[PDB]
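Q: final00.pdb is reproduced in full below (PDB, C-alpha atoms and all ligand atoms).
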```pdb
ATOM      1  CA  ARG E   1      13.579  38.133 -91.680
ATOM      2  CA  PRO E   2      12.637  37.153 -88.066
ATOM      3  CA  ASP E   3      13.214  39.770 -85.357
ATOM      4  CA  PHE E   4      15.466  37.597 -83.193
ATOM      5  CA  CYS E   5      17.987  37.570 -86.047
ATOM      6  CA  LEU E   6      18.697  41.254 -85.459
ATOM      7  CA  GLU E   7      19.447  40.899 -81.759
ATOM      8  CA  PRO E   8      23.093  40.862 -80.649
ATOM      9  CA  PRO E   9      24.547  37.483 -79.601
ATOM     10  CA  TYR E  10      23.723  36.518 -76.011
ATOM     11  CA  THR E  11      26.474  34.817 -74.011
ATOM     12  CA  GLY E  12      24.224  34.210 -71.020
ATOM     13  CA  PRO E  13      25.109  33.908 -67.306
ATOM     14  CA  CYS E  14      26.844  30.524 -67.421
ATOM     15  CA  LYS E  15      30.619  30.356 -67.658
ATOM     16  CA  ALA E  16      31.370  27.602 -70.151
ATOM     17  CA  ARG E  17      33.112  28.453 -73.419
ATOM     18  CA  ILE E  18      30.940  27.025 -76.186
ATOM     19  CA  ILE E  19      31.354  28.352 -79.720
ATOM     20  CA  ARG E  20      28.026  28.989 -81.437
ATOM     21  CA  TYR E  21      26.806  30.840 -84.513
ATOM     22  CA  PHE E  22      24.679  33.981 -84.706
ATOM     23  CA  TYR E  23      23.388  36.100 -87.574
ATOM     24  CA  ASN E  24      25.194  39.428 -87.853
ATOM     25  CA  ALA E  25      22.714  41.577 -89.777
ATOM     26  CA  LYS E  26      25.234  44.426 -89.956
ATOM     27  CA  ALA E  27      27.579  42.133 -91.906
ATOM     28  CA  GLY E  28      24.933  40.023 -93.617
ATOM     29  CA  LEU E  29      26.235  36.612 -92.568
ATOM     30  CA  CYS E  30      26.590  34.213 -89.646
ATOM     31  CA  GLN E  31      29.637  34.484 -87.414
ATOM     32  CA  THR E  32      30.754  32.887 -84.168
ATOM     33  CA  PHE E  33      30.494  34.024 -80.567
ATOM     34  CA  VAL E  34      31.028  32.503 -77.143
ATOM     35  CA  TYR E  35      27.931  31.004 -75.548
ATOM     36  CA  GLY E  36      28.064  30.416 -71.787
ATOM     37  CA  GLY E  37      26.120  27.171 -71.791
ATOM     38  CA  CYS E  38      22.691  28.180 -70.499
ATOM     39  CA  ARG E  39      19.645  30.363 -71.212
ATOM     40  CA  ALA E  40      20.337  30.691 -74.936
ATOM     41  CA  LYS E  41      18.325  33.173 -76.976
ATOM     42  CA  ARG E  42      17.089  32.385 -80.483
ATOM     43  CA  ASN E  43      19.957  33.988 -82.420
ATOM     44  CA  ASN E  44      22.128  31.032 -81.402
ATOM     45  CA  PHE E  45      22.890  28.121 -83.748
ATOM     46  CA  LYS E  46      25.060  25.010 -83.614
ATOM     47  CA  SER E  47      26.061  25.423 -87.268
ATOM     48  CA  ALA E  48      26.422  28.059 -89.976
ATOM     49  CA  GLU E  49      23.943  26.233 -92.229
ATOM     50  CA  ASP E  50      21.048  26.319 -89.766
ATOM     51  CA  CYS E  51      21.886  29.927 -88.946
ATOM     52  CA  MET E  52      21.754  31.001 -92.599
ATOM     53  CA  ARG E  53      18.640  28.906 -93.236
ATOM     54  CA  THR E  54      16.743  30.515 -90.369
ATOM     55  CA  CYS E  55      18.090  34.062 -90.612
ATOM     56  CA  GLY E  56      19.393  34.230 -94.181
TER      57      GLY E  56
ATOM     58  CA  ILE M  11      39.355  35.039 -64.551
ATOM     59  CA  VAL M  12      39.675  38.827 -64.429
ATOM     60  CA  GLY M  13      42.192  40.637 -62.242
ATOM     61  CA  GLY M  14      43.771  37.303 -61.409
ATOM     62  CA  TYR M  15      47.298  36.005 -61.910
ATOM     63  CA  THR M  16      48.915  33.132 -63.774
ATOM     64  CA  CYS M  17      49.147  30.152 -61.441
ATOM     65  CA  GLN M  18      52.555  28.730 -60.665
ATOM     66  CA  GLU M  19      53.033  25.828 -63.082
ATOM     67  CA  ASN M  20      51.346  22.693 -61.719
ATOM     68  CA  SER M  21      50.448  24.355 -58.404
ATOM     69  CA  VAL M  22      46.804  23.288 -58.842
ATOM     70  CA  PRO M  23      47.288  19.539 -59.592
ATOM     71  CA  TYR M  24      43.591  18.729 -59.207
ATOM     72  CA  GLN M  25      42.562  21.077 -62.017
ATOM     73  CA  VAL M  26      41.430  19.457 -65.260
ATOM     74  CA  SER M  27      40.329  20.755 -68.645
ATOM     75  CA  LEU M  28      37.242  19.347 -70.383
ATOM     76  CA  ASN M  29      37.807  19.141 -74.122
ATOM     77  CA  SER M  30      35.524  17.986 -76.944
ATOM     78  CA  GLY M  31      37.635  19.525 -79.694
ATOM     79  CA  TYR M  32      38.661  22.592 -77.719
ATOM     80  CA  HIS M  33      38.655  23.605 -74.053
ATOM     81  CA  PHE M  34      35.105  24.417 -72.949
ATOM     82  CA  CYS M  35      34.970  23.821 -69.171
ATOM     83  CA  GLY M  36      37.048  23.002 -66.128
ATOM     84  CA  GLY M  37      36.717  20.306 -63.481
ATOM     85  CA  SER M  38      38.366  18.821 -60.386
ATOM     86  CA  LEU M  39      39.887  15.387 -59.809
ATOM     87  CA  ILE M  40      38.458  13.889 -56.599
ATOM     88  CA  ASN M  41      39.885  10.364 -56.935
ATOM     89  CA  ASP M  42      41.909   8.436 -59.513
ATOM     90  CA  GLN M  43      38.808   7.671 -61.610
ATOM     91  CA  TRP M  44      36.347  10.509 -60.995
ATOM     92  CA  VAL M  45      36.080  14.197 -61.839
ATOM     93  CA  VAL M  46      33.480  16.683 -60.631
ATOM     94  CA  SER M  47      32.292  19.563 -62.810
ATOM     95  CA  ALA M  48      29.200  21.661 -63.577
ATOM     96  CA  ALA M  49      26.069  20.058 -65.016
ATOM     97  CA  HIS M  50      25.749  22.756 -67.679
ATOM     98  CA  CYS M  51      29.102  21.518 -68.981
ATOM     99  CA  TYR M  52      27.423  18.307 -70.151
ATOM    100  CA  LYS M  53      28.367  16.974 -73.599
ATOM    101  CA  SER M  54      27.830  13.422 -74.897
ATOM    102  CA  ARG M  55      31.557  13.038 -75.594
ATOM    103  CA  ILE M  56      34.211  14.525 -73.320
ATOM    104  CA  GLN M  57      37.966  14.114 -73.070
ATOM    105  CA  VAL M  58      39.547  15.032 -69.742
ATOM    106  CA  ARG M  59      43.009  16.571 -69.814
ATOM    107  CA  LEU M  60      45.052  16.425 -66.617
ATOM    108  CA  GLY M  61      48.433  17.858 -65.651
ATOM    109  CA  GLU M  62      47.934  20.900 -67.874
ATOM    110  CA  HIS M  63      49.406  24.374 -67.578
ATOM    111  CA  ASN M  64      49.536  25.652 -71.160
ATOM    112  CA  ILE M  65      46.492  24.208 -72.918
ATOM    113  CA  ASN M  66      47.955  24.950 -76.355
ATOM    114  CA  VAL M  67      51.309  23.209 -75.999
ATOM    115  CA  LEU M  68      52.276  19.605 -75.343
ATOM    116  CA  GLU M  69      54.411  19.983 -72.230
ATOM    117  CA  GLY M  70      55.007  16.349 -71.336
ATOM    118  CA  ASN M  71      53.177  16.081 -68.006
ATOM    119  CA  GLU M  72      49.695  15.741 -69.490
ATOM    120  CA  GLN M  73      47.365  12.771 -69.331
ATOM    121  CA  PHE M  74      44.462  12.519 -71.777
ATOM    122  CA  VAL M  75      41.578  10.307 -70.686
ATOM    123  CA  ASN M  76      38.110   9.849 -72.171
ATOM    124  CA  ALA M  77      34.951  10.061 -70.080
ATOM    125  CA  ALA M  78      33.278   6.667 -69.667
ATOM    126  CA  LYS M  79      30.202   7.820 -67.768
ATOM    127  CA  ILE M  80      28.721  11.283 -67.315
ATOM    128  CA  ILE M  81      26.227  11.718 -64.486
ATOM    129  CA  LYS M  82      24.399  14.982 -63.846
ATOM    130  CA  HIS M  83      22.629  15.614 -60.552
ATOM    131  CA  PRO M  84      19.047  14.304 -60.984
ATOM    132  CA  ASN M  85      17.609  17.615 -59.787
ATOM    133  CA  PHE M  86      19.623  19.914 -62.060
ATOM    134  CA  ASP M  87      17.533  22.807 -63.393
ATOM    135  CA  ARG M  88      18.716  24.265 -66.725
ATOM    136  CA  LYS M  89      16.912  27.546 -66.055
ATOM    137  CA  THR M  90      17.608  28.358 -62.393
ATOM    138  CA  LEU M  91      20.936  26.493 -62.364
ATOM    139  CA  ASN M  92      20.016  24.891 -59.049
ATOM    140  CA  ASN M  93      22.029  21.695 -58.405
ATOM    141  CA  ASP M  94      24.595  22.558 -61.107
ATOM    142  CA  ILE M  95      26.927  19.626 -60.441
ATOM    143  CA  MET M  96      28.021  16.647 -62.511
ATOM    144  CA  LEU M  97      30.280  13.625 -62.072
ATOM    145  CA  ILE M  98      32.508  12.172 -64.771
ATOM    146  CA  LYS M  99      33.952   8.681 -64.477
ATOM    147  CA  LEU M 100      37.152   8.184 -66.475
ATOM    148  CA  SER M 101      37.697   5.293 -68.895
ATOM    149  CA  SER M 102      40.722   4.218 -66.865
ATOM    150  CA  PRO M 103      42.418   5.314 -63.632
ATOM    151  CA  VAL M 104      44.928   8.144 -63.993
ATOM    152  CA  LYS M 105      48.482   8.066 -62.667
ATOM    153  CA  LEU M 106      48.823  10.242 -59.572
ATOM    154  CA  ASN M 107      52.013  12.279 -59.195
ATOM    155  CA  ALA M 108      53.104  15.812 -58.262
ATOM    156  CA  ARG M 109      51.397  17.234 -61.368
ATOM    157  CA  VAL M 110      48.206  15.169 -61.081
ATOM    158  CA  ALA M 111      46.568  14.902 -57.665
ATOM    159  CA  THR M 112      43.154  14.798 -56.009
ATOM    160  CA  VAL M 113      41.404  17.483 -53.979
ATOM    161  CA  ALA M 114      39.503  16.625 -50.809
ATOM    162  CA  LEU M 115      35.736  16.905 -50.545
ATOM    163  CA  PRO M 116      34.468  19.260 -47.816
ATOM    164  CA  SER M 117      34.289  18.049 -44.207
ATOM    165  CA  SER M 118      31.658  20.726 -43.634
ATOM    166  CA  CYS M 119      30.399  23.951 -45.189
ATOM    167  CA  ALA M 120      32.980  26.725 -44.960
ATOM    168  CA  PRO M 121      31.755  29.954 -43.304
ATOM    169  CA  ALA M 122      31.524  33.308 -45.036
ATOM    170  CA  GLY M 123      34.844  35.131 -45.008
ATOM    171  CA  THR M 124      36.908  32.025 -45.707
ATOM    172  CA  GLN M 125      39.672  32.761 -48.236
ATOM    173  CA  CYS M 126      39.701  30.459 -51.253
ATOM    174  CA  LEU M 127      41.516  29.786 -54.507
ATOM    175  CA  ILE M 128      39.659  29.829 -57.830
ATOM    176  CA  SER M 129      41.348  28.536 -60.975
ATOM    177  CA  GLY M 130      40.629  28.109 -64.674
ATOM    178  CA  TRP M 131      41.605  28.981 -68.246
ATOM    179  CA  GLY M 132      38.733  31.439 -68.667
ATOM    180  CA  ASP M 143      46.742  29.781 -72.704
ATOM    181  CA  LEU M 144      47.970  29.423 -69.120
ATOM    182  CA  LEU M 145      46.003  28.432 -66.019
ATOM    183  CA  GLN M 146      44.798  31.472 -64.076
ATOM    184  CA  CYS M 147      44.461  31.807 -60.309
ATOM    185  CA  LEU M 148      42.417  34.074 -58.056
ATOM    186  CA  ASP M 149      42.348  34.465 -54.287
ATOM    187  CA  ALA M 150      38.871  35.422 -53.111
ATOM    188  CA  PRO M 151      36.579  34.977 -50.088
ATOM    189  CA  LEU M 152      33.226  33.271 -49.712
ATOM    190  CA  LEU M 153      30.659  36.053 -49.317
ATOM    191  CA  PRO M 154      27.799  36.232 -46.794
ATOM    192  CA  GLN M 155      24.615  34.696 -48.213
ATOM    193  CA  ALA M 156      22.825  37.961 -47.429
ATOM    194  CA  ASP M 157      25.105  39.881 -49.809
ATOM    195  CA  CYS M 158      24.832  37.183 -52.475
ATOM    196  CA  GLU M 159      21.052  37.401 -52.314
ATOM    197  CA  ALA M 160      21.159  41.209 -52.400
ATOM    198  CA  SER M 161      23.224  41.082 -55.604
ATOM    199  CA  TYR M 162      20.951  38.514 -57.257
ATOM    200  CA  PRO M 163      17.409  39.266 -55.976
ATOM    201  CA  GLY M 164      15.366  36.062 -55.859
ATOM    202  CA  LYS M 165      17.859  34.018 -57.882
ATOM    203  CA  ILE M 166      19.969  32.411 -55.153
ATOM    204  CA  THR M 167      19.138  29.011 -53.654
ATOM    205  CA  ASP M 168      20.635  27.242 -50.631
ATOM    206  CA  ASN M 169      22.784  25.233 -53.057
ATOM    207  CA  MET M 170      24.669  28.302 -54.241
ATOM    208  CA  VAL M 171      27.311  30.553 -52.738
ATOM    209  CA  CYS M 172      28.876  33.762 -53.996
ATOM    210  CA  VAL M 173      32.656  34.100 -54.049
ATOM    211  CA  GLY M 174      34.557  37.234 -54.984
ATOM    212  CA  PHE M 175      34.222  40.961 -54.398
ATOM    213  CA  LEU M 176      31.186  43.240 -54.345
ATOM    214  CA  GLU M 177      33.233  45.977 -56.025
ATOM    215  CA  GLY M 178      33.983  43.630 -58.910
ATOM    216  CA  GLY M 179      37.321  43.744 -60.712
ATOM    217  CA  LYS M 180      38.169  40.104 -60.000
ATOM    218  CA  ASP M 181      36.003  37.152 -61.017
ATOM    219  CA  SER M 182      35.804  33.854 -62.902
ATOM    220  CA  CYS M 183      34.486  34.089 -66.465
ATOM    221  CA  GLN M 184      33.532  32.093 -69.571
ATOM    222  CA  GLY M 185      35.807  29.084 -69.856
ATOM    223  CA  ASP M 186      35.977  28.581 -66.091
ATOM    224  CA  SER M 187      32.672  26.750 -65.529
ATOM    225  CA  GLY M 188      32.965  23.479 -63.661
ATOM    226  CA  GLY M 189      36.253  24.609 -62.160
ATOM    227  CA  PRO M 190      37.284  24.453 -58.483
ATOM    228  CA  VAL M 191      36.956  26.843 -55.576
ATOM    229  CA  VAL M 192      39.235  25.378 -52.906
ATOM    230  CA  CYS M 193      39.343  26.668 -49.347
ATOM    231  CA  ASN M 194      41.734  25.257 -46.751
ATOM    232  CA  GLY M 195      42.451  22.215 -48.887
ATOM    233  CA  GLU M 196      38.820  21.302 -49.574
ATOM    234  CA  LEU M 197      36.618  21.720 -52.629
ATOM    235  CA  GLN M 198      33.869  24.111 -51.477
ATOM    236  CA  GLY M 199      32.607  25.398 -54.806
ATOM    237  CA  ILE M 200      32.191  24.781 -58.523
ATOM    238  CA  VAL M 201      32.268  27.696 -60.991
ATOM    239  CA  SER M 202      28.695  28.055 -62.233
ATOM    240  CA  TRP M 203      27.287  31.446 -63.251
ATOM    241  CA  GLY M 204      27.020  35.194 -62.850
ATOM    242  CA  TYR M 205      25.857  38.325 -64.654
ATOM    243  CA  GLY M 206      28.826  39.351 -66.745
ATOM    244  CA  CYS M 207      32.294  39.036 -65.223
ATOM    245  CA  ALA M 208      33.926  41.118 -62.509
ATOM    246  CA  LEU M 209      31.070  43.619 -62.536
ATOM    247  CA  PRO M 210      30.312  45.624 -59.399
ATOM    248  CA  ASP M 211      27.421  44.185 -57.356
ATOM    249  CA  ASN M 212      27.457  40.902 -59.287
ATOM    250  CA  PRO M 213      30.099  38.545 -57.885
ATOM    251  CA  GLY M 214      30.364  35.044 -59.289
ATOM    252  CA  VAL M 215      27.897  32.394 -58.128
ATOM    253  CA  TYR M 216      29.136  28.883 -57.379
ATOM    254  CA  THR M 217      27.625  25.484 -56.633
ATOM    255  CA  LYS M 218      27.895  24.824 -52.887
ATOM    256  CA  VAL M 219      29.705  21.474 -52.856
ATOM    257  CA  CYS M 220      29.217  20.754 -49.151
ATOM    258  CA  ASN M 221      25.522  20.050 -49.822
ATOM    259  CA  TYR M 222      26.447  17.205 -52.179
ATOM    260  CA  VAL M 223      29.078  15.119 -50.398
ATOM    261  CA  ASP M 224      26.695  12.228 -49.775
ATOM    262  CA  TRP M 225      25.311  12.281 -53.319
ATOM    263  CA  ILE M 226      28.860  12.263 -54.671
ATOM    264  CA  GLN M 227      30.004   9.379 -52.481
ATOM    265  CA  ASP M 228      26.846   7.327 -53.010
ATOM    266  CA  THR M 229      27.012   7.839 -56.777
ATOM    267  CA  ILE M 230      30.659   6.786 -56.960
ATOM    268  CA  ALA M 231      29.904   3.653 -54.916
ATOM    269  CA  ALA M 232      27.092   2.607 -57.259
ATOM    270  CA  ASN M 233      29.059   3.111 -60.475
TER     271      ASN M 233
HETATM  272 CA    CA E 301      49.667  21.303 -72.302
END
```
Go ahead and render the structure in this file as structure tokens.
Ligand SMILES: [Ca+2]
A:
Amino acid sequence: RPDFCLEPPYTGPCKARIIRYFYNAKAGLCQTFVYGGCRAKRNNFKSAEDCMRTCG
Amino acid sequence: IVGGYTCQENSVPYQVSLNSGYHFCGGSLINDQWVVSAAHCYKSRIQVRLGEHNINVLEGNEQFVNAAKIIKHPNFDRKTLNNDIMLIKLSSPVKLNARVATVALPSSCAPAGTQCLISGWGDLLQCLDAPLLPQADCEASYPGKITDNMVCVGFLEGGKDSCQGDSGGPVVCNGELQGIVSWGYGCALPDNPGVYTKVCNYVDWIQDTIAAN
């Protein structure tokens, strides 16, 4: 699978509380984390479906 | 907010919560029909909740109002976070009382050293007393990342800071809104105090925008 799928979730410097999805390779599925609202990395999805499609 | 304290119930009447299903940002009421927040808090649909203390319980003093118009500063930069300010016009005027009140816009830019109050839910509203830091120290903490439209507030030793969930929230000094919670590297980390939008550079844009909408 793509390399960005193995990177830990990135909250970013902004201070909003936006729930996003990321692929947890260690667990083998997509979970949620808190995204700050800016400078998102690639392991950041708006839904579980897109997360699993891209990093599944 | 780290190292802060729970605000006295309704002691920050200008504080609002932005909700699009759940609380995601804060904001400040500047008049009975307008709220100011951070541009990175933009969402196509936003419900403003006023008179809140506990965000998870219906207390009886709350007012729920939908956003009618959302206007981000035309020069907002999603990468540098320069000009991170946004105005929200409410669908209808809110009822002003002891629990729901406006905060004044700055008469001028407050000098470094001025003590301020930062608030947010980053589920009870949290408060933090902290000073505006010298621009020189802000720049030293964030090499080449600070513009004239930003100001650091907090402590260089860390321990106390605003955090995720506080964005768009108020930094009030001597009764005037001087800052908007924007960004920072981590929260309450030494040598990385929170960075805030410097509201005093936008008073005219705010007033002109309100007058045209
Ligand atoms: Ca409530």
Q: Give the residue list for ligand CA 301 (chain E) at 9 Å, counting only C-alpha atoms and all ligand atoms, as a ChimeraX atom specification, sorted by chain and then by residue number.
A: /M:59-72,143-144
Q: Between E:20, E:15, E:41, E:53, which one has atoms that come closest to chain M, using only C-alpha atoms?
A: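 That would be E:15, the residue with the smallest distance to chain M.
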Q: Compute the chain E side of the contact with chain M at 7 Å, counting only C-alpha atoms, and hand it back as a PyMOL selection string.
A: chain E and resi 13-18+36-39
Q: Figure out the distance between CA of residue 26 in chain M and CA of residue 208 in chain M, please, to one decimal in Å.
A: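 Interatomic distance here is 23.1 Å.
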Q: What is the distance between CA of residue 37 in chain M and CA of residue 163 in chain M, in Å to one decimal?
A: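 According to the coordinates, CA of residue 37 in chain M and CA of residue 163 in chain M are separated by 28.1 Å.
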Q: Kindly give the distance, in Å, that separates CA of residue 226 in chain M and CA of residue 164 in chain M, rounded to a single decimal.
A: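 Distance between the two atoms: 27.4 Å.
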Q: The PyMOL selection byres (((chain E and resi 33) around 7) and not hetatm) - which residues does that actually catch in the file I just gave you? List them as a count of residues only.
A: 8
Q: What's the 10 Å shell around residue 79 in chain M, counting only C-alpha atoms, without same-chain residues fewer than 5 positions away, as a ChimeraX atom specification?
A: /M:44,54-56,97-101,233
Q: Run the PyMOL selection byres (((chain M and resi 114) around 12) and not hetatm) mentally over the shown coordinates, then write out the matched residues as a VMD selection string, using the chain letters and numbers from the document.
A: chain M and resid 24 38 to 41 45 to 46 111 to 113 115 to 118 190 to 199 219 to 220 223
Q: Let me make sure I understand: among M:170, M:209, M:77, M:153, which one has the smallest atom-to-atom distance to residue 12 in chain M if we use all atoms listed in the file?
A: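 Checking each of M:170, M:209, M:77, M:153 against residue 12 in chain M, counting all atoms listed in the file, the winner is M:209.
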